[PDB]
Amino acid sequence: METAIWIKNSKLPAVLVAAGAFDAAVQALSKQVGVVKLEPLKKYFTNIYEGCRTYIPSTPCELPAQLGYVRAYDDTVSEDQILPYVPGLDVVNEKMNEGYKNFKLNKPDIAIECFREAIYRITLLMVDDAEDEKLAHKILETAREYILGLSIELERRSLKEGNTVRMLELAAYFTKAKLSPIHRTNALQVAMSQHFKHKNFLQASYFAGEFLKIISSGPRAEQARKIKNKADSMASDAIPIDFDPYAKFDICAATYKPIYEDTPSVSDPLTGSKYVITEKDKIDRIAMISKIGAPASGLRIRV
Amino acid sequence: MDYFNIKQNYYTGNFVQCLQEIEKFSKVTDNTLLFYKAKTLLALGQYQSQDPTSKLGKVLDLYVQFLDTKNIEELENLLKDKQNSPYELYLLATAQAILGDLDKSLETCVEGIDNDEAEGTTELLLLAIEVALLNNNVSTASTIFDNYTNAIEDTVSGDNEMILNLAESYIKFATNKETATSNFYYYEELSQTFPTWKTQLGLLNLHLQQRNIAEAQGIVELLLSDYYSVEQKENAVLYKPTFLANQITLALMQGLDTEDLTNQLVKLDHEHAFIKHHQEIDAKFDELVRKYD
């Protein structure tokens with residue numbers, strides 16, 4: 001009687017999951033976002049499904065409880081536009097914040113785990129205003145940009161002595177991660193130093209500088225200054241890197257080599273991460289959910 | 001009317017009092033009196049089969065022994081094939097339904113409702129409507145209800161009226177009709193007039209119902225408050241599962257990890273609705289993992 005009015009009223013992922021149509025839902029997400037690995041998406045179906053049903057007790061208590069559905073709208077509404085209740089950005093935001101919390105706390109691994117939960121929640125989000133669909137995307141964008149940024153620094157950390165060439169490469173790419181500036185600081189600082197413990201003032205003066213142009217005065221800031229000086233006194237090329245600040249490119253989210261406009265690239269239908277043609281039809285490294293390259297009709301969330 | 005007190009105290013959840021309202025009828029053996037005595041007794045610290053003599057109270061003994069297993073053997077056996085009272089039936093249908101035989105459970109109910117008020121009928125009626133809804137036959141639940149209502153419009157509501165509203169309530173809960181309006185005032189009042197888990201928990205659902213997590217939250221910290229989680233140890237442990245259930249469905253509306261630490265209790269404890277489903281659903285998903293590897 002109930003569940004149906006939902007499906008009849010909206011055929012989107014969220015609602016499908018909510019109404020109990022998991023096959024129908026998996027299908028929709030392949031076509032629209034090319035989702036392929038269903039595993040890290042289990043608890044989200046569960047949460048969606050369970051989150052709109054509650055149980056009232058039934059008189060002789062030792063008799064199974066009674067189901068009740070939580071609708072997303074009150075009495076006064078198109079007796080058509082009847083739909084299940086579903087989390088909303090309210091939370092997506094909440095979660096995103098924990099990412100930032102952990103970013104500041106220097107707990108990379110955890111930060112990532114957050115962002116993904118955000119990405120997953122967006123994927124199965126359901127919205128009222130065309131407007132919020134817009135924001136859902138802005139959040140979604142940002143997320144990958146943080147998973148990316150972190151994914152890099154994280155791997156720059158998993159490097160053995162001698163790979164020096166590669167390390168400065170990554171440290172400077174991390175800088176490319178479109179994060180809120182304030183957060184990009186930590187990146188810039190990382191780059192700034194490692195291109196000093198390695199006589200590379202031809203970029204050190206750059207990073208330290210690109211840093212000072214956001215952070216005015218603080219303990220850390222003061223070092224960045226002193227670094228731009230002792231560095232602006234010897235245009236050194238101690239170690240040549242692929243990275244050139246003055247150009248337009250994106251960082252491949254699998255390799256961490258840059259992708260210039262000349263480069264043949266492949267995107268991911270959900271995330272938007274870009275990779276080298278090398279890795280087409282593989283699982284994206286941002287939110288290990290969808291197939292890179294596969295074509296999607298587009299992520300549906302507006303009701 | 002007569003013992004409208006005993007009834008109004010049963011369907012509200014304070015067996016504590018419900019019992020003392022029957023104590024008042026100093027040993028006047030009436031089937032209705034027995035039913036409710038037995039039932040409140042079960043609802044409390046402990047039941048005491050009062051007489052295995054009554055081809056009714058002898059049933060109750062069975063019913064309870066039933067509850068400690070899943071064999072409707074002697075129960076259904078020492079009853080079927082001989083026409084009997086709705087009160088007797090009531091217990092059977094329940095038994096049956098606790099097993100999952102809902103289609104039959106409801107049948108059992110209607111069979112009794114068919115002795116048209118031969119004492120206990122309204123009690124069955126509710127049960128039928130419940131059993132119906134358990135199986136998702138809202139259509140029928142209503143029909144059964146509707147057709148009994150507009151039927152006995154002979155102001156027979158001598159007290160069963162509150163048993164009746166209870167039924168209606170459960171129906172309204174499923175329909176989701178007047179969830180915000182009239183159906184909210186119903187519980188609202190009930191809670192204010194009789195503070196118990198039965199009533200407070202009802203209110204709770206109505207709130208989750210209305211997306212009002214704010215108010216819901218309150219109702220929960222309150223149910224945890226010393227007065228309920230401690231002061232009424234009895235008809236508070238009786239409802240722990242269901243409570244937990246709601247704790248979750250609310251914890252979820254705000255997306256809190258708790259989903260586990262919480263239903264961990266319900267899991268390593270009971271196996272009702274929420275868990276019944278949580279199982280089915282968990283399987284359905286792992287079922288799709290097989291299908292797309």
# chains A, B, ... in the order shown; residues from 1 in each chain; ligands from 1
call {"tool": "residues_around", "arguments": {"residues": "residue 171 (chain B)", "least_positions_apart": "5", "cutoff": "12 Å", "atoms": "only C-alpha atoms", "output": "PyMOL selection string"}}
result
(chain A and resi 56+58+66-68) or (chain B and resi 126-134+136-146+164-166+176-179+183)
call {"tool": "residues_around", "arguments": {"residues": "residue 214 (chain A)", "least_positions_apart": "2", "cutoff": "8 Å", "atoms": "only C-alpha atoms", "output": "PyMOL selection string"}}
result
chain A and resi 181-182+185+210-212+216
call {"tool": "write_last_selection", "arguments": {"atoms": "N, CA, C and O atoms", "output": "PDB file, in the first residue's frame"}}
result
ATOM      1  N   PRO A 181      41.677  27.574   0.607  1.00  0.00           N
ATOM      2  CA  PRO A 181      43.055  28.033   0.766  1.00  0.00           C
ATOM      3  C   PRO A 181      43.632  27.664   2.130  1.00  0.00           C
ATOM      4  O   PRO A 181      44.645  26.970   2.201  1.00  0.00           O
ATOM      5  N   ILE A 182      42.972  28.100   3.202  1.00  0.00           N
ATOM      6  CA  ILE A 182      43.440  27.823   4.561  1.00  0.00           C
ATOM      7  C   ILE A 182      43.995  26.412   4.730  1.00  0.00           C
ATOM      8  O   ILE A 182      44.995  26.197   5.423  1.00  0.00           O
ATOM      9  N   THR A 185      47.211  25.558   2.870  1.00  0.00           N
ATOM     10  CA  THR A 185      48.388  26.071   3.549  1.00  0.00           C
ATOM     11  C   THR A 185      49.284  24.932   3.942  1.00  0.00           C
ATOM     12  O   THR A 185      50.470  24.917   3.616  1.00  0.00           O
ATOM     13  N   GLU A 210      53.722  31.686  -2.252  1.00  0.00           N
ATOM     14  CA  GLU A 210      52.311  31.412  -2.522  1.00  0.00           C
ATOM     15  C   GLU A 210      51.592  31.182  -1.179  1.00  0.00           C
ATOM     16  O   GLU A 210      50.366  31.284  -1.088  1.00  0.00           O
ATOM     17  N   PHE A 211      52.384  30.873  -0.148  1.00  0.00           N
ATOM     18  CA  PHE A 211      51.915  30.630   1.217  1.00  0.00           C
ATOM     19  C   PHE A 211      51.720  31.972   1.898  1.00  0.00           C
ATOM     20  O   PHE A 211      50.620  32.303   2.340  1.00  0.00           O
ATOM     21  N   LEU A 212      52.805  32.738   1.991  1.00  0.00           N
ATOM     22  CA  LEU A 212      52.758  34.042   2.632  1.00  0.00           C
ATOM     23  C   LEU A 212      51.638  34.908   2.073  1.00  0.00           C
ATOM     24  O   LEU A 212      51.173  35.821   2.747  1.00  0.00           O
ATOM     25  N   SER A 216      49.089  35.900   6.941  1.00  0.00           N
ATOM     26  CA  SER A 216      49.803  37.128   7.300  1.00  0.00           C
ATOM     27  C   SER A 216      50.898  36.995   8.351  1.00  0.00           C
ATOM     28  O   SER A 216      52.072  37.200   8.055  1.00  0.00           O
TER      29      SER A 216
END
call {"tool": "select_by_dssp", "arguments": {"residues": "region 96-225 of chain A", "states": "alpha helix (DSSP H)", "output": "CSV table (one decimal) with N, CA, C and O atoms, in the first residue's frame"}}
result
chain,number,residue,atom,x,y,z
A,96,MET,N,31.2,16.1,6.3
A,96,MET,CA,32.3,16.8,5.6
A,96,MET,C,33.2,17.5,6.7
A,96,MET,O,34.4,17.4,6.6
A,97,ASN,N,32.6,18.1,7.6
A,97,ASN,CA,33.2,18.8,8.7
A,97,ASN,C,34.2,17.9,9.5
A,97,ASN,O,35.3,18.4,9.8
A,98,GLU,N,33.8,16.7,9.8
A,98,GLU,CA,34.7,15.8,10.5
A,98,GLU,C,36.0,15.6,9.6
A,98,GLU,O,37.0,15.3,10.2
A,99,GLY,N,35.8,15.7,8.3
A,99,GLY,CA,36.9,15.5,7.4
A,99,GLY,C,37.9,16.6,7.7
A,99,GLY,O,39.1,16.4,7.9
A,100,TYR,N,37.4,17.9,7.8
A,100,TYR,CA,38.2,19.1,8.2
A,100,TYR,C,38.7,18.9,9.6
A,100,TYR,O,39.9,19.3,9.8
A,101,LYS,N,37.9,18.4,10.5
A,101,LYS,CA,38.4,18.2,11.9
A,101,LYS,C,39.6,17.4,11.7
A,101,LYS,O,40.7,17.8,12.2
A,102,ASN,N,39.5,16.2,11.2
A,102,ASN,CA,40.7,15.4,11.0
A,102,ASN,C,41.8,15.9,10.1
A,102,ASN,O,43.0,15.6,10.3
A,103,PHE,N,41.4,16.8,9.2
A,103,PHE,CA,42.5,17.3,8.4
A,103,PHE,C,43.4,18.1,9.3
A,103,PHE,O,44.7,17.8,9.3
A,104,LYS,N,42.9,19.0,10.1
A,104,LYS,CA,43.6,19.9,11.0
A,104,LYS,C,44.5,19.0,12.0
A,104,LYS,O,45.6,19.3,12.3
A,108,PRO,N,45.3,11.8,8.4
A,108,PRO,CA,45.1,11.6,7.0
A,108,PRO,C,44.0,10.5,6.7
A,108,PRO,O,43.0,10.8,6.1
A,109,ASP,N,44.4,9.3,7.1
A,109,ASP,CA,43.5,8.1,6.9
A,109,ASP,C,42.1,8.4,7.3
A,109,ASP,O,41.2,8.2,6.5
A,110,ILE,N,41.9,8.9,8.5
A,110,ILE,CA,40.5,9.2,9.0
A,110,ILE,C,39.8,10.2,8.1
A,110,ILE,O,38.7,10.1,7.8
A,111,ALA,N,40.6,11.3,7.8
A,111,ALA,CA,40.0,12.4,7.0
A,111,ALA,C,39.4,11.8,5.8
A,111,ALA,O,38.2,12.1,5.5
A,112,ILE,N,40.2,11.0,5.1
A,112,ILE,CA,39.7,10.4,3.8
A,112,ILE,C,38.4,9.6,4.1
A,112,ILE,O,37.4,9.8,3.4
A,113,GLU,N,38.4,8.7,5.0
A,113,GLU,CA,37.3,7.9,5.4
A,113,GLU,C,36.0,8.8,5.5
A,113,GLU,O,34.9,8.3,5.1
A,114,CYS,N,36.2,10.0,6.0
A,114,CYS,CA,35.1,10.9,6.2
A,114,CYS,C,34.5,11.2,4.8
A,114,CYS,O,33.4,10.9,4.5
A,115,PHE,N,35.3,11.9,4.0
A,115,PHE,CA,35.0,12.4,2.7
A,115,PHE,C,34.3,11.4,1.9
A,115,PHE,O,33.3,11.7,1.2
A,116,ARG,N,34.8,10.1,1.9
A,116,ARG,CA,34.1,9.0,1.2
A,116,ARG,C,32.7,8.9,1.7
A,116,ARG,O,31.7,8.8,0.9
A,117,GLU,N,32.5,8.9,3.0
A,117,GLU,CA,31.1,8.7,3.6
A,117,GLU,C,30.3,9.9,3.0
A,117,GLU,O,29.1,9.7,2.8
A,118,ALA,N,30.9,11.0,2.8
A,118,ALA,CA,30.2,12.1,2.3
A,118,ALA,C,29.8,11.8,0.9
A,118,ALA,O,28.7,12.0,0.5
A,119,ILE,N,30.8,11.4,0.1
A,119,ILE,CA,30.6,11.1,-1.3
A,119,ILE,C,29.4,10.0,-1.4
A,119,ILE,O,28.5,10.2,-2.2
A,120,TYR,N,29.6,9.0,-0.7
A,120,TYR,CA,28.5,7.9,-0.7
A,120,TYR,C,27.1,8.5,-0.3
A,120,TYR,O,26.2,8.3,-1.1
A,121,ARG,N,27.1,9.3,0.7
A,121,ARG,CA,25.8,9.9,1.1
A,121,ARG,C,25.2,10.8,0.0
A,121,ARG,O,24.0,10.8,-0.2
A,122,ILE,N,26.1,11.5,-0.7
A,122,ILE,CA,25.6,12.4,-1.8
A,122,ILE,C,25.0,11.5,-2.8
A,122,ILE,O,23.8,11.6,-3.2
A,123,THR,N,25.7,10.5,-3.3
A,123,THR,CA,25.3,9.5,-4.2
A,123,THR,C,23.8,9.1,-4.1
A,123,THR,O,23.1,9.0,-5.0
A,130,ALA,N,15.9,22.5,-6.7
A,130,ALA,CA,16.9,22.4,-7.8
A,130,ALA,C,18.2,22.9,-7.2
A,130,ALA,O,19.3,22.4,-7.5
A,131,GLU,N,18.1,24.0,-6.5
A,131,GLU,CA,19.2,24.7,-5.8
A,131,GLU,C,20.2,23.9,-5.0
A,131,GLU,O,21.4,24.1,-5.2
A,132,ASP,N,19.7,23.0,-4.2
A,132,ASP,CA,20.5,22.2,-3.3
A,132,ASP,C,21.2,21.1,-4.1
A,132,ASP,O,22.3,20.7,-3.7
A,133,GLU,N,20.6,20.7,-5.2
A,133,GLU,CA,21.3,19.7,-6.1
A,133,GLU,C,22.6,20.3,-6.5
A,133,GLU,O,23.6,19.6,-6.7
A,134,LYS,N,22.6,21.6,-6.7
A,134,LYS,CA,23.7,22.4,-7.1
A,134,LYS,C,24.8,22.3,-6.0
A,134,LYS,O,26.0,21.9,-6.3
A,135,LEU,N,24.4,22.5,-4.7
A,135,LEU,CA,25.3,22.4,-3.6
A,135,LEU,C,25.8,21.0,-3.4
A,135,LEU,O,27.0,20.8,-3.1
A,136,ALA,N,24.9,20.0,-3.6
A,136,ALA,CA,25.3,18.6,-3.4
A,136,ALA,C,26.6,18.4,-4.2
A,136,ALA,O,27.5,17.8,-3.8
A,137,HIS,N,26.5,19.0,-5.4
A,137,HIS,CA,27.6,18.8,-6.4
A,137,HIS,C,28.9,19.6,-5.9
A,137,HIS,O,30.0,19.0,-5.9
A,138,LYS,N,28.7,20.8,-5.5
A,138,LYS,CA,29.9,21.6,-5.0
A,138,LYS,C,30.5,20.8,-3.8
A,138,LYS,O,31.8,20.7,-3.7
A,139,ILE,N,29.7,20.2,-3.0
A,139,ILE,CA,30.3,19.4,-1.9
A,139,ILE,C,31.0,18.3,-2.5
A,139,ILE,O,32.2,18.0,-2.2
A,140,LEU,N,30.3,17.5,-3.3
A,140,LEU,CA,30.9,16.4,-4.0
A,140,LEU,C,32.2,16.7,-4.6
A,140,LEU,O,33.2,16.0,-4.4
A,141,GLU,N,32.3,17.8,-5.4
A,141,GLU,CA,33.5,18.3,-6.0
A,141,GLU,C,34.6,18.2,-4.9
A,141,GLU,O,35.4,17.3,-4.9
A,142,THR,N,34.5,19.2,-4.1
A,142,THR,CA,35.5,19.4,-2.9
A,142,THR,C,36.0,18.1,-2.4
A,142,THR,O,37.2,17.9,-2.2
A,143,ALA,N,35.1,17.3,-2.0
A,143,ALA,CA,35.4,16.0,-1.4
A,143,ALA,C,36.5,15.3,-2.2
A,143,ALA,O,37.6,15.2,-1.7
A,144,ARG,N,36.3,14.9,-3.5
A,144,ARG,CA,37.3,14.3,-4.3
A,144,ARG,C,38.6,15.1,-4.2
A,144,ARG,O,39.7,14.5,-4.1
A,145,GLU,N,38.5,16.4,-4.2
A,145,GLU,CA,39.7,17.2,-4.2
A,145,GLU,C,40.4,17.1,-2.8
A,145,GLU,O,41.6,17.3,-2.7
A,146,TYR,N,39.8,16.6,-1.8
A,146,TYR,CA,40.4,16.4,-0.5
A,146,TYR,C,40.9,14.9,-0.5
A,146,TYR,O,42.0,14.7,0.1
A,147,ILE,N,40.1,14.0,-1.0
A,147,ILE,CA,40.5,12.7,-1.0
A,147,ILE,C,41.8,12.7,-1.9
A,147,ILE,O,42.8,12.1,-1.5
A,148,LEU,N,41.7,13.4,-3.0
A,148,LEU,CA,42.9,13.5,-3.9
A,148,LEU,C,44.1,14.0,-3.1
A,148,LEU,O,45.1,13.3,-3.0
A,149,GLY,N,44.0,15.3,-2.7
A,149,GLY,CA,45.1,15.9,-2.0
A,149,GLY,C,45.7,15.0,-1.0
A,149,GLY,O,47.0,14.8,-0.9
A,150,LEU,N,44.9,14.4,-0.1
A,150,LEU,CA,45.4,13.5,0.9
A,150,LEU,C,46.0,12.3,0.3
A,150,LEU,O,47.1,11.9,0.6
A,151,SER,N,45.3,11.7,-0.7
A,151,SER,CA,45.8,10.5,-1.4
A,151,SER,C,47.2,10.6,-1.8
A,151,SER,O,48.0,9.7,-1.8
A,152,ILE,N,47.6,11.9,-2.2
A,152,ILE,CA,48.9,12.2,-2.7
A,152,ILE,C,49.9,12.2,-1.5
A,152,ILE,O,50.8,11.4,-1.3
A,153,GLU,N,49.7,13.2,-0.6
A,153,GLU,CA,50.5,13.4,0.6
A,153,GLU,C,50.7,12.0,1.3
A,153,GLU,O,51.8,11.6,1.7
A,154,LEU,N,49.6,11.2,1.4
A,154,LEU,CA,49.6,9.9,2.0
A,154,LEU,C,50.7,9.0,1.3
A,154,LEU,O,51.5,8.4,2.0
A,155,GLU,N,50.7,9.0,0.0
A,155,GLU,CA,51.6,8.2,-0.8
A,155,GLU,C,53.0,8.8,-0.9
A,155,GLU,O,54.0,8.1,-1.1
A,156,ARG,N,53.1,10.1,-0.7
A,156,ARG,CA,54.3,10.8,-0.7
A,156,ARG,C,55.0,10.4,0.6
A,156,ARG,O,56.3,10.3,0.7
A,157,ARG,N,54.2,10.0,1.6
A,157,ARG,CA,54.8,9.5,2.9
A,157,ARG,C,55.2,8.1,2.8
A,157,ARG,O,56.2,7.7,3.5
A,164,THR,N,63.7,10.4,-3.7
A,164,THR,CA,63.8,11.9,-3.7
A,164,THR,C,63.2,12.6,-4.8
A,164,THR,O,62.3,13.5,-4.6
A,165,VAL,N,63.5,12.2,-6.0
A,165,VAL,CA,62.9,12.9,-7.2
A,165,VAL,C,61.4,12.9,-7.1
A,165,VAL,O,60.8,13.9,-7.1
A,166,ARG,N,60.8,11.7,-7.0
A,166,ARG,CA,59.4,11.5,-6.9
A,166,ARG,C,58.8,12.3,-5.7
A,166,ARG,O,57.7,12.9,-5.9
A,167,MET,N,59.4,12.2,-4.6
A,167,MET,CA,58.9,12.9,-3.4
A,167,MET,C,58.6,14.4,-3.6
A,167,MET,O,57.5,14.9,-3.2
A,168,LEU,N,59.6,15.1,-4.1
A,168,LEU,CA,59.4,16.5,-4.3
A,168,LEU,C,58.3,16.7,-5.3
A,168,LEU,O,57.5,17.7,-5.3
A,169,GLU,N,58.2,15.8,-6.3
A,169,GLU,CA,57.2,15.8,-7.3
A,169,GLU,C,55.8,15.8,-6.7
A,169,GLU,O,55.0,16.7,-6.9
A,170,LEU,N,55.5,14.9,-5.8
A,170,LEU,CA,54.3,14.7,-5.1
A,170,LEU,C,54.0,15.9,-4.2
A,170,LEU,O,52.9,16.5,-4.2
A,171,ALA,N,55.0,16.2,-3.3
A,171,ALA,CA,54.8,17.3,-2.4
A,171,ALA,C,54.4,18.6,-3.1
A,171,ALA,O,53.6,19.4,-2.6
A,172,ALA,N,54.8,18.8,-4.4
A,172,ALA,CA,54.4,20.0,-5.2
A,172,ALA,C,53.0,19.8,-5.8
A,172,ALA,O,52.4,20.8,-6.1
A,173,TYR,N,52.6,18.6,-6.1
A,173,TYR,CA,51.4,18.3,-6.7
A,173,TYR,C,50.3,18.5,-5.7
A,173,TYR,O,49.2,19.1,-6.0
A,181,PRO,N,41.7,27.6,0.6
A,181,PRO,CA,43.1,28.0,0.8
A,181,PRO,C,43.6,27.7,2.1
A,181,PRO,O,44.6,27.0,2.2
A,182,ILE,N,43.0,28.1,3.2
A,182,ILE,CA,43.4,27.8,4.6
A,182,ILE,C,44.0,26.4,4.7
A,182,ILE,O,45.0,26.2,5.4
A,183,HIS,N,43.3,25.5,4.1
A,183,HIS,CA,43.7,24.1,4.2
A,183,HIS,C,44.9,23.8,3.2
A,183,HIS,O,45.7,22.9,3.5
A,184,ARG,N,44.9,24.5,2.2
A,184,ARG,CA,46.0,24.4,1.2
A,184,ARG,C,47.3,24.8,1.8
A,184,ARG,O,48.4,24.5,1.2
A,185,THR,N,47.2,25.6,2.9
A,185,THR,CA,48.4,26.1,3.5
A,185,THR,C,49.3,24.9,3.9
A,185,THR,O,50.5,24.9,3.6
A,186,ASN,N,48.7,24.0,4.7
A,186,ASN,CA,49.4,22.8,5.2
A,186,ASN,C,50.1,22.2,4.0
A,186,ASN,O,51.2,21.7,4.2
A,187,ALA,N,49.5,22.2,2.8
A,187,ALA,CA,50.1,21.6,1.6
A,187,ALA,C,51.3,22.4,1.2
A,187,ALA,O,52.4,21.9,1.2
A,188,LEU,N,51.0,23.7,1.0
A,188,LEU,CA,52.1,24.6,0.6
A,188,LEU,C,53.3,24.5,1.5
A,188,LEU,O,54.4,24.4,1.1
A,189,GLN,N,53.0,24.5,2.8
A,189,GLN,CA,54.1,24.4,3.8
A,189,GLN,C,55.0,23.2,3.6
A,189,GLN,O,56.2,23.2,3.6
A,190,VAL,N,54.3,22.0,3.4
A,190,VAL,CA,55.0,20.7,3.1
A,190,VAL,C,55.9,20.9,2.0
A,190,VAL,O,57.0,20.5,2.0
A,191,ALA,N,55.3,21.4,0.9
A,191,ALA,CA,56.1,21.6,-0.3
A,191,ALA,C,57.3,22.6,0.0
A,191,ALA,O,58.4,22.2,-0.2
A,192,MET,N,56.9,23.7,0.4
A,192,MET,CA,57.9,24.8,0.8
A,192,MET,C,59.1,24.2,1.5
A,192,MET,O,60.3,24.5,1.0
A,193,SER,N,59.0,23.5,2.6
A,193,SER,CA,60.2,22.9,3.2
A,193,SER,C,61.0,21.9,2.4
A,193,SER,O,62.1,22.2,2.1
A,194,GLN,N,60.4,20.8,2.1
A,194,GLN,CA,61.1,19.8,1.3
A,194,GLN,C,61.8,20.2,0.0
A,194,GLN,O,62.6,19.5,-0.5
A,201,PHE,N,65.3,26.3,-4.4
A,201,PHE,CA,64.8,27.6,-4.1
A,201,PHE,C,64.1,28.2,-5.4
A,201,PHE,O,63.5,29.3,-5.3
A,202,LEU,N,64.2,27.5,-6.5
A,202,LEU,CA,63.5,28.0,-7.7
A,202,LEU,C,62.0,27.8,-7.6
A,202,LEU,O,61.3,28.2,-8.4
A,203,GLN,N,61.6,27.0,-6.6
A,203,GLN,CA,60.2,26.7,-6.3
A,203,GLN,C,60.0,27.0,-4.9
A,203,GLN,O,58.9,27.4,-4.5
A,204,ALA,N,61.0,26.8,-4.0
A,204,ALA,CA,60.8,27.1,-2.6
A,204,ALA,C,60.4,28.5,-2.5
A,204,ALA,O,59.5,28.8,-1.7
A,205,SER,N,61.0,29.5,-3.2
A,205,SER,CA,60.7,30.9,-3.1
A,205,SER,C,59.2,31.0,-3.6
A,205,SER,O,58.5,31.9,-3.2
A,206,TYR,N,58.8,30.1,-4.5
A,206,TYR,CA,57.4,30.1,-5.0
A,206,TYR,C,56.4,29.6,-3.9
A,206,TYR,O,55.4,30.3,-3.6
A,207,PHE,N,56.6,28.4,-3.4
A,207,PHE,CA,55.7,27.9,-2.4
A,207,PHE,C,55.7,28.8,-1.2
A,207,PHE,O,54.6,29.4,-0.9
A,208,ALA,N,56.8,28.9,-0.6
A,208,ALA,CA,56.9,29.8,0.6
A,208,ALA,C,56.1,31.1,0.3
A,208,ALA,O,55.5,31.7,1.2
A,209,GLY,N,56.3,31.6,-0.9
A,209,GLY,CA,55.6,32.9,-1.3
A,209,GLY,C,54.1,32.7,-1.5
A,209,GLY,O,53.4,33.6,-1.1
A,210,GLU,N,53.7,31.7,-2.3
A,210,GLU,CA,52.3,31.4,-2.5
A,210,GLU,C,51.6,31.2,-1.2
A,210,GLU,O,50.4,31.3,-1.1
A,211,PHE,N,52.4,30.9,-0.1
A,211,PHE,CA,51.9,30.6,1.2
A,211,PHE,C,51.7,32.0,1.9
A,211,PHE,O,50.6,32.3,2.3
A,212,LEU,N,52.8,32.7,2.0
A,212,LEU,CA,52.8,34.0,2.6
A,212,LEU,C,51.6,34.9,2.1
A,212,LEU,O,51.2,35.8,2.7
A,219,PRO,N,53.5,31.9,14.1
A,219,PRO,CA,54.8,31.2,14.3
A,219,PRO,C,55.3,30.6,13.0
A,219,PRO,O,56.4,30.9,12.5
A,220,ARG,N,54.4,29.8,12.4
A,220,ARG,CA,54.7,29.1,11.1
A,220,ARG,C,55.0,30.1,10.0
A,220,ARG,O,55.9,30.0,9.2
A,221,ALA,N,54.1,31.1,9.8
A,221,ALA,CA,54.2,32.1,8.8
A,221,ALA,C,55.6,32.7,8.8
A,221,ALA,O,56.2,32.8,7.7
A,222,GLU,N,56.0,33.1,10.0
A,222,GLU,CA,57.3,33.7,10.1
A,222,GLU,C,58.5,32.9,9.5
A,222,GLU,O,59.4,33.4,9.0
A,223,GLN,N,58.3,31.5,9.6
A,223,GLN,CA,59.4,30.7,9.0
A,223,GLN,C,59.3,30.8,7.5
A,223,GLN,O,60.3,30.9,6.8
A,224,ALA,N,58.1,30.7,7.0
A,224,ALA,CA,57.9,30.8,5.5
A,224,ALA,C,58.5,32.1,5.0
A,224,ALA,O,59.0,32.1,3.8
A,225,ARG,N,58.6,33.1,5.8
A,225,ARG,CA,59.2,34.4,5.3
A,225,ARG,C,60.7,34.1,5.2
A,225,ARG,O,61.3,34.3,4.1
call {"tool": "atom_distance", "arguments": {"atom1": "CA of residue 77 (chain B)", "atom2": "CA of residue 112 (chain B)"}}
result
17.3 Å
call {"tool": "closest_residue", "arguments": {"among": "A:8, A:37, A:285, A:31", "to": "chain B", "atoms": "only C-alpha atoms"}}
result
A:37
call {"tool": "closest_residue", "arguments": {"among": "A:29, A:91, A:65, A:18", "to": "residue 50 (chain A)", "atoms": "only C-alpha atoms"}}
result
A:18
call {"tool": "closest_residue", "arguments": {"among": "B:270, B:211, B:55, B:37", "to": "chain A", "atoms": "only C-alpha atoms"}}
result
B:211
call {"tool": "residues_around", "arguments": {"residues": "residue 260 (chain B)", "least_positions_apart": "3", "cutoff": "12 Å", "atoms": "only C-alpha atoms", "output": "list in words"}}
result
residues 43, 46 and 47 of chain A; 244, 245, 247, 248, 249, 251, 252, 255, 256, 257, 263, 264, 265, 266, 267, 268 and 278 of chain B
call {"tool": "closest_residue", "arguments": {"among": "A:85, A:275, A:256, A:45", "to": "residue 128 (chain A)", "atoms": "only C-alpha atoms"}}
result
A:85
call {"tool": "residues_around", "arguments": {"residues": "residue 276 (chain A)", "least_positions_apart": "2", "cutoff": "7 Å", "atoms": "only C-alpha atoms", "output": "ChimeraX atom specification"}}
result
/A:252,264-266,278-279
call {"tool": "atom_distance", "arguments": {"atom1": "CA of residue 82 (chain A)", "atom2": "CA of residue 241 (chain B)"}}
result
29.4 Å
call {"tool": "closest_atom_pairs", "arguments": {"of": "chain A", "to": "chain B", "cutoff": "8 Å", "atoms": "only C-alpha atoms", "output": "Markdown table"}}
result
| residue | atom | partner | partner_atom | distance |
| --- | --- | --- | --- | --- |
| A:1 | CA | B:138 | CA | 7.5 |
| A:22 | CA | B:285 | CA | 7.3 |
| A:23 | CA | B:288 | CA | 7.4 |
| A:36 | CA | B:292 | CA | 7.9 |
| A:38 | CA | B:289 | CA | 6.5 |
| A:39 | CA | B:289 | CA | 7.0 |
| A:42 | CA | B:285 | CA | 6.7 |
| A:46 | CA | B:281 | CA | 7.1 |
| A:47 | CA | B:252 | CA | 6.8 |
| A:50 | CA | B:249 | CA | 6.5 |
| A:51 | CA | B:249 | CA | 5.2 |
| A:52 | CA | B:249 | CA | 7.0 |
| A:53 | CA | B:249 | CA | 6.8 |
| A:54 | CA | B:246 | CA | 5.8 |
| A:55 | CA | B:246 | CA | 6.5 |
| A:56 | CA | B:202 | CA | 6.2 |
| A:57 | CA | B:242 | CA | 6.4 |
| A:58 | CA | B:130 | CA | 7.3 |
| A:59 | CA | B:11 | CA | 6.8 |
| A:61 | CA | B:239 | CA | 7.4 |
| A:62 | CA | B:98 | CA | 7.9 |
| A:63 | CA | B:98 | CA | 5.7 |
| A:64 | CA | B:272 | CA | 6.0 |
| A:65 | CA | B:273 | CA | 5.9 |
| A:66 | CA | B:134 | CA | 6.1 |
| A:67 | CA | B:174 | CA | 7.1 |
| A:68 | CA | B:174 | CA | 5.5 |
| A:69 | CA | B:209 | CA | 7.1 |
| A:70 | CA | B:209 | CA | 5.1 |
| A:71 | CA | B:209 | CA | 7.3 |
| A:72 | CA | B:211 | CA | 7.6 |
| A:74 | CA | B:210 | CA | 7.3 |
| A:75 | CA | B:178 | CA | 7.1 |
| A:86 | CA | B:253 | CA | 7.4 |
| A:87 | CA | B:253 | CA | 5.9 |
| A:91 | CA | B:255 | CA | 6.8 |
